[PDB]
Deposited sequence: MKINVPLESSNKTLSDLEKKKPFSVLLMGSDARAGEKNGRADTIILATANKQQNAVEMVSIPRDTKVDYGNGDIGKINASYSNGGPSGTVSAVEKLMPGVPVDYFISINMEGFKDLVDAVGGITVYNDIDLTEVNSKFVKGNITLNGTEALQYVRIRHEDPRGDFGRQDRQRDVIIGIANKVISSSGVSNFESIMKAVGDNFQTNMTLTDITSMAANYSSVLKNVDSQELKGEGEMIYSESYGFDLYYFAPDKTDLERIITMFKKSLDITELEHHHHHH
């Protein structure tokens, strides 16, 4: 309310295959959001290890917050929103479509996604952000389209849930209007990036074979753990 920088944990889905940590600050009027690879490895427990998506978020999305608080000690997660690929669409329809500037030509290869601003709807949007090979930018490309869908939904988010269990958040219906009032950084200062690191295999008595893990790049992680703290208040 007092225009104090916060943070929000966006989750997509059981488990969370899409994790984005976003922190807003009216002062610097900008949004910093970093994407954590679903398989990212997090050190928590007396030997306990696991991927953030499955291994975690298996006791409520709040679990993911915890995993995100472990992967990044300093940074505090003020809020969080987790939606399924269903409530996601109903969230794009109920909001009345989404407008997105598609700078890449993703022709009728999959849909008539002409270049430029190509407004979409629930399903159209889910198909947009889900594209893979078609986008010559490979992985980065999805980080783009993902971003687009976030700003597209936010620049329209009066408040209602036609949806229900397919939507989840800890925000107050009487506190959503607050950020949607004082805060307007969703304009043009949204710089998103994806936590770097390297993947590695790891055996597991349970299965009998190695499992996949994305080992975070320490120096990179720190740059971020530090950058986020810089967006709130290094204290």
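Taken in order along the deposited sequence, the stretches absent from the coordinates are 1 to 17, 31 to 38, 183 to 192, 271 to 279.
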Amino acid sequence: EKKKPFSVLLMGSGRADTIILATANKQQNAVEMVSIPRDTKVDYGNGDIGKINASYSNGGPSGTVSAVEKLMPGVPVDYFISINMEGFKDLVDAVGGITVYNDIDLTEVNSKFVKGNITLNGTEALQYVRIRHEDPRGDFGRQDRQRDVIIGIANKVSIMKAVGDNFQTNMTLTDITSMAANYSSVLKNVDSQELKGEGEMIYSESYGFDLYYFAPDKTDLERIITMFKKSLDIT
From here on, numbers count along this sequence of modelled residues.
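The PDB entry reports B-factors from which the mean C-alpha value can be compared for 131 to 139 and 108 to 116; the larger average falls on 108 to 116. For the pair 84 to 92 and 158 to 166, the record assigns the higher mean C-alpha temperature factor to 158 to 166. The residue among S206, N58, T40, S192 whose C-alpha atom has the highest B-factor in the PDB entry is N58.
Within the group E200, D175, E32, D210, the record's highest C-alpha temperature factor is found at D175. For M179, the recorded CA B-factor ranks within the highest third of the chain. Only modelled residues enter the ranking.
When the CA B factors of the chain's modelled residues are split into thirds, the value for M72 lands in the middle one.
The PDB entry assigns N46 a C-alpha temperature factor belonging to the highest third of its chain's modelled residues.
Per-chain ranking of the deposited C-alpha B factor places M171 in the highest third. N53: CA B factor lies in the middle third for its chain, per the PDB record.
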